[PDB]
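Asker: Going by this note's numbering, the first residue of the sequence shown is number 7, and it counts up by one from there.
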Amino acid sequence: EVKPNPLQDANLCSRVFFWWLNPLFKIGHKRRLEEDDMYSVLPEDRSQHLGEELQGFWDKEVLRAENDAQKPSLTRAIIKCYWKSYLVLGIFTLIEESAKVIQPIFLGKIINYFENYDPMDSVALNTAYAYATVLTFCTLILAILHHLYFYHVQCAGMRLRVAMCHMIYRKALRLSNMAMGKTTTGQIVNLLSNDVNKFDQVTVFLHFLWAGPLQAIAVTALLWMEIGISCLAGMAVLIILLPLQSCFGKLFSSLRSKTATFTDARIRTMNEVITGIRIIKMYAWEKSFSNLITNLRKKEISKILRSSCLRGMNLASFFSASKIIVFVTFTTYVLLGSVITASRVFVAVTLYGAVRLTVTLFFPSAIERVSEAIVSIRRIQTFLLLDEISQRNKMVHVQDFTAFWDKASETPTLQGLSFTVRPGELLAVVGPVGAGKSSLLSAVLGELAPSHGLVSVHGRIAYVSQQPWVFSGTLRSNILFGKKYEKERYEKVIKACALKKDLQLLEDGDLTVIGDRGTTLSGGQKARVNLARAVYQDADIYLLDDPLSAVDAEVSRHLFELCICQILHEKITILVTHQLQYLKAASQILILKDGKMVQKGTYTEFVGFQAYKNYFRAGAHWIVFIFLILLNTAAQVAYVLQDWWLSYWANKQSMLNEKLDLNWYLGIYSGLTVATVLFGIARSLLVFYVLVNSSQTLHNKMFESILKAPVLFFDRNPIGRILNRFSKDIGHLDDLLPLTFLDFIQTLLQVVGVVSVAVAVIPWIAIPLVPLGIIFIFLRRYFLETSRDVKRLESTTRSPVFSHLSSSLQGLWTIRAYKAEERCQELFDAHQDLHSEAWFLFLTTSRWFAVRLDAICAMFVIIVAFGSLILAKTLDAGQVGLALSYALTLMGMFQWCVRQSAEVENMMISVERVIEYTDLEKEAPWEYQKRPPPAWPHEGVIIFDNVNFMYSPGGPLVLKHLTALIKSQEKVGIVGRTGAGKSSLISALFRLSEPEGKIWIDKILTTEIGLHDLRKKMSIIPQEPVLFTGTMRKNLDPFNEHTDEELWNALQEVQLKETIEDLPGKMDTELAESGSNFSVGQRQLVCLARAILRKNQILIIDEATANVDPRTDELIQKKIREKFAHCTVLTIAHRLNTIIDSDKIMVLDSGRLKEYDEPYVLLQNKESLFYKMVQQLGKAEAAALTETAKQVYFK
Ligand SMILES: CN(Cc1cnc2nc(N)nc(N)c2n1)c1ccc(C(=O)N[C@@H](CCC(=O)O)C(=O)O)cc1
């Protein structure tokens, strides 16, 4: 292999510690890794090998099933070939679990030493060191050897996932055409992308479906030896935590599903704002959508907050459950008439610490994951059983042929069909239109099968489809398509396909990589690509669909005149083209109508601390975080002081031979338990409140920024980029970041609690702990700066796998036509076994960190266990029991604390990306203090004076020195060349970018007044209409100033009234999304209604009606002239008859006012560009317009 893998040769002492992985980090610490630096997978894990294992068992299972006449199931096959070897990892699960229940038994015997401490008894001390020794080995088993096991049970999921993806692909080639009607690309790619992805998860915990239950028995049996019948009270309070956890699971999932409606409703409404942001600004409707989204967000936070506070009680249960389970036991243990003893309780405290995770976390997660992963296997089992293409098998012969696309009541798609063609014979075909024209050709391939009659084909086949097809690779490779690079034949076809020049001139030659999903090439090349691919095959048979040759062009000739008519003419070619004049090339022409063969004759028949503090201080006043810090510490100090109190009671009890007053010692105990639950609850609710309240504040500050952003911003950023921040980023900020942040903080205090009791009880342990702190923080940087790349490579290598499946599935007939399936099969393995290289690093790099990180806290357990026995003279039974019963938890929590530190610091990028918009550069204020007088714009005088306009500041001048007088109520036609002037005159007049010079409206300086003063008083009919998702009333008047009778008047005048009055809600009918229930012309009629309602003294037409059919265009042109006769009107137009009667016309070119006069006075100057443009009409209509103009102005 090109990339050797050290795991093939590592000695066991190396691949237990992942010592073999160190060379990857020395690279990644110097350089950002690349896909060439990753190790190749083991021979055991190559996709080709896994597929041809499991496919064999699945084949046997299908064969067995039909012999039994009992339904096959895939879940038997993926067992019968992993049962052999996944159960081996089950054996090593025992010693992993047995460690968790043997440390507490030796933990008793070390504490039992201090209860019986004799300074001079060397034998007891040496005996205690026996128990202390095995306590580290039970710890090192659980900390070090566990990570080799846990790597292998993740690998058993990778091996299964790639075996499945390979069988899905092996099937997805051979799906019958029938099954291709049932399925769709999105469904089969969902198997690869969504469903088989579950098989990494199922295999991790799967052993807990037995080892977990067995362990819960084991801990109960031990405790019954240790603390008697009270253990049943403890275990019961643990077991009844299963249904409560399940109740929460259902309940917050229920609220989650509810929020998804408003999240979807917000985002889709947000999508309209970002798409239409130009049109929304022009109408000054920014206040409306501000209110509309604001009410959707309030209806969402009222449920996100309610669910999040519900998750607060959940996390408080994970925190506080151990303290409650302990409390009810020891309370019961004393109330049943017994006395606490430090050994007997720190054994029992530790055992609940072991079994709690298994019963509440791993065993329920195992049941959940296996439940949903078997949903996946049942979907895949449904897919594998789809019906599949039957075996097909210089000459083609077809007789009496009749077939259907499916067995149905529709007529046969081919009828009576028969023909024969032989070497030297060319066929051509004429047939249906607007239908599966290819149907005959597909029949010759066998993508449709005869219902009656016969087809036989004896040569190797080549084929082309009206849809071009190209897949992952170089353009050359698509042409070579698995054959050798025979340069002369290649050059001959590359010449004959008129490809050479265009390929080198436009796509840098055949070495160019074809972009993903084929995005690189132009269609006319991609068309030629198919023919070039086809003719390169040197097959015998050439079934040629039309290569989009319907354009009259030299290529559309040369491909036929040379390559077909001279080179290919001897080959068995069957040709379709709209260029039917070429049919004279045929030896025989098949002519069909509606799928009936009718004629057969020849032609002769014719992130950093700055980000965190902005996120936090947006959430609450800094004093609230001071109060939060007390709740964090007070929750934890209650948590530790509960267990210190249990140890203190043991010291008092063990100083007695009188009796302790249980009404006191249980009194304070229950206070500390109730305190730790209450502060455990109150912490979790408070953090969720403060952080969710931040997300509400960041959104509302950020959305108001988007509206005030200038149109330049939405030109600079594509709408997908902007909306994504409202979808994902301001999603995380309340869906998941508060939950992850609390989970980190909650556990981080747990770890600090462990080192605190350890250092408080054994004071010197701070001295070696400082190296451990110094070692850890060095290692986190050394790791994460390379782990971050492996996370990135794993994602970047994912999407080609699906891209190849999608691309292949879009082109199946072309693949099968050459029978070249195993070529596109092996190319999937080269994609699959490249993601497995990036995934194999994802597993083992996380395991490398977790091994070294657990060496730190396995050393800590060593330091406390031996440190206590070295320092035994000073210690006491209780305090050692405290220190150890805590320290033995540490290697559980510390991994999770550090894991969540990477999720938060990673997810914090969504905070910085949102904040990047929170201060985006604003437009000028919507409403300056110098509001225009109540003598509002009234005359409609508009002055342009030296107007110079650029879209970007310092960009090219799109208008230069533009200076014009438009008198009151004048009608002005505006004309320009393609791209010259255009709507840019409007963008200035609405100040969508800042004009230099001055524009006056009734001698009001437009740059002084607020944009909502300016944009309300003028009005526009924009180039494309938009109907927003909402009521017809809101599409007419979202401020609801007008009566519906007046809305009926407006809808009447655009003649939409009765169509809208027929709607089931009349004015209050909510439109379909983007108003798809109305055609483009109807939407423009709505745009006219908006102006008709507002009755502005200035109207602007943005060339829009050129998109509209003449009958509605006439109605628009009519109603404008009748309703806005007193208005000043600007008419950007192309079709000069729309403006030939304008009191003046402006002609703009190159951003300059080339003509400005009465149109005929321009036509009177035959040198004028307006006269030239009128003559460039090229028809006597120029005279009719000239006479029309003349009459208007001579009158
Ligand atoms: C103490 N603690 C906090 C925590 C978080 N969520 C919970 N959720 C439940 N239902 N119950 C809990 N006790 C619980 N506890 C922990 C402890 C260990 C691991 C943990 O080790 N998780 C591993 C298990 C594998 C391993 O690393 O050993 C994983 O799959 O990520 C997580 C959280």
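Each residue gets a CB set at the ideal place from its N, CA and C atoms; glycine is no exception.
Report the residue ranges of all beta strand (DSSP E) runs contained in full by the stretch 947-992; include only those spanning at least 3 residues, in chain order.
Answerer: Runs found: 948-955, 965-972 and 977-982.
Asker: Please state whether DSSP places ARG1158 in a helix, a strand or coil.
Answerer: The answer is strand: DSSP assigns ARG1158 an E or B state.
Asker: Roughly how many whole angstroms lie between the Cα atoms of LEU1159 and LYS988?
Answerer: Computed Cα separation, rounded: 12 Å.
Asker: Just the Cα atoms here: how many angstroms apart are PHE23 and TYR155?
Answerer: Distance between the alpha carbons of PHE23 and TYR155: 11 Å.
Asker: Would you kindly report the start and end of the unbroken alpha helix (DSSP H) that includes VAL353?
Answerer: That run of the alpha helix (DSSP H) goes 348-363.
Asker: For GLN831, I'd like the list of residues in its chain whose CB is within less than 8 Å of its CB, leaving aside the five on either flank, ordered along the chain.
Answerer: If we look at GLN831 and ignore the five residues flanking it on each side, its Cβ neighbours are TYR175, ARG176 and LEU179.
Asker: Note down the Cα distance separating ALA864 from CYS144, rounded to an integer number of angstroms.
Answerer: Between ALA864 and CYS144, the C-alpha separation is close to 10 Å.
Asker: Alpha carbon to alpha carbon, what distance is there between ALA16 and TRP26?
Answerer: Between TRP26 and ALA16, the C-alpha separation is close to 7 Å.
Asker: Please find out if some non-hydrogen atom of ligand 1 comes closer than 7 Å to the beta-carbon of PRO370.
Answerer: Yes, the beta carbon of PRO370 sits closer than 7 Å to at least one heavy atom of ligand 1.
Asker: For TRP845, count the other beta carbons within 10 Å of its own beta carbon; 16 or more makes it buried, fewer makes it exposed. Which is it?
Answerer: Looking at its Cβ environment, which holds 16 or more other Cβ atoms inside 10 Å, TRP845 is buried.
Asker: With three or more beta-carbon pairs closer than 8 Å as the criterion, would you say the stretch 1004-1022 touches the stretch 1056-1066?
Answerer: With the cut-off at 8 Å, the stretch 1004-1022 and the stretch 1056-1066 do not touch.
Asker: List in chain order: all unbroken beta strand (DSSP E) runs of 3+ residues lying wholly within the stretch 1023-1087.
Answerer: With a minimum length of 3 residues, the continuous beta strand (DSSP E) runs that stay inside the stretch 1023-1087 are 1024-1027.
Asker: Shortest alpha-carbon distance to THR81 belongs to which of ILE386, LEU113 and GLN702?
Answerer: When only C-alpha atoms are compared, the closest one is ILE386.
Asker: For a quick check, are the C-beta atoms of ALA327 and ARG272 less than 8 Å apart?
Answerer: Not in contact: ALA327 and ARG272 (Cβ atoms no closer than 8 Å).
Asker: Assuming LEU550 is part of the beta strand (DSSP E), what are its boundary residues?
Answerer: 547-550 is the extent of the beta strand (DSSP E) around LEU550.
Asker: Name the one or two DSSP bridge partners that residue 1202 has.
Answerer: Outside the displayed span of the chain (7 to 1201) sits residue 1202, for which this structure offers no information.
Asker: Check each candidate in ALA1139, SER814 and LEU672 and name the one with the smallest Cα separation from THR338.
Answerer: If we check each option's Cα against that of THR338, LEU672 comes out closest.
Asker: Report yes if the C-beta distance between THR356 and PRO110 is below 8 Å; otherwise report no.
Answerer: Their beta carbons are under 8 Å apart, which means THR356 touches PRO110 by this criterion.
Asker: For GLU292 and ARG829, what's the separation of their Cα atoms in angstroms?
Answerer: Using only the alpha carbons, I get a separation of about 56 Å.
Asker: With C-beta atoms as the reference, is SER1025 less than 8 Å away from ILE1106?
Answerer: Their beta carbons are under 8 Å apart, which means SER1025 touches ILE1106 by this criterion.
Asker: Quick check on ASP1108: does DSSP put it in helix, strand or coil?
Answerer: If DSSP states are grouped into helix, strand and coil, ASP1108 belongs with the strands.
Asker: Starting from the C-beta of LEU1191, find all residues in its chain whose C-beta is less than 8 Å away, skip the five residues before and the five after it, and write them out in chain order.
Answerer: Same-chain partners within the cutoff: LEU1142, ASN1143, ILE1146, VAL1180 and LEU1183.
Asker: Would you grab the beta carbon distance between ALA372 and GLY255 for me? Rounded to a whole angstrom, and I think it's under 8 Å.
Answerer: Wrong, their Cβ atoms sit about 14 Å apart, outside the cutoff.
Asker: Going by DSSP in three states, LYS293 sits in which element: helix, strand or coil?
Answerer: Helix at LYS293.
Asker: Given this structure, state the Cα-to-Cα distance separating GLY62 from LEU692, to the nearest angstrom.
Answerer: Approximately 57 Å between the Cα atoms of the pair.
Asker: Buried or exposed: where does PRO959 fall if 16 or more other Cβ atoms within 10 Å of its Cβ makes it buried?
Answerer: Flag for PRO959 reads exposed.
Asker: Who are the Cβ neighbours of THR281 in its own chain at under 6 Å, not counting the five residues just before and after it?
Answerer: Around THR281: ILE725.
Asker: Taking only the alpha-carbon atoms, compute the straight-line gap between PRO1001 and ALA441 and give it to the nearest angstrom.
Answerer: Their Cα atoms are separated by approximately 54 Å.
Asker: For a quick check, are the C-beta atoms of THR419 and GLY607 less than 8 Å apart?
Answerer: Taking 8 Å as the Cβ cut-off, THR419 and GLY607 do not qualify as a contacting pair.
Asker: If we define contact as Cβ-Cβ less than 8 Å, is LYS106 a contact residue for chain C?
Answerer: This model lacks chain C altogether; it includes just one protein chain.
Asker: For a quick check, are the C-beta atoms of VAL436 and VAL450 less than 8 Å apart?
Answerer: Against a cut-off of 8 Å, the Cβ pair of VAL450 and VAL436 comes out as no contact.
Asker: Here's the rule I'm using: 16 or more other beta-carbon atoms within 10 Å means buried, otherwise exposed. How should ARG384 be labelled?
Answerer: Its Cβ having fewer than 16 others within 10 Å, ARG384 is exposed.
Asker: Runs of 4 residues minimum, wholly inside the stretch 269-330: which ones carry the alpha helix (DSSP H) assignment?
Answerer: As far as the stretch 269-330 is concerned, its whole alpha helix (DSSP H) runs of at least 4 residues are 283-289.
Asker: In the structure shown, what three-state DSSP assignment does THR703 receive?
Answerer: Helix.
Asker: Return yes when at least one heavy atom of ligand 1 lies under 7 Å from the C-beta of residue 5, else no.
Answerer: This structure leaves residue 5 out entirely; the chain is present only between 7 and 1201.
Asker: Under 7 Å from any heavy atom of ligand 1, does the C-beta of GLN901 make it?
Answerer: Because some heavy atom of ligand 1 lies under 7 Å away, the Cβ of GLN901 counts as near it: yes.
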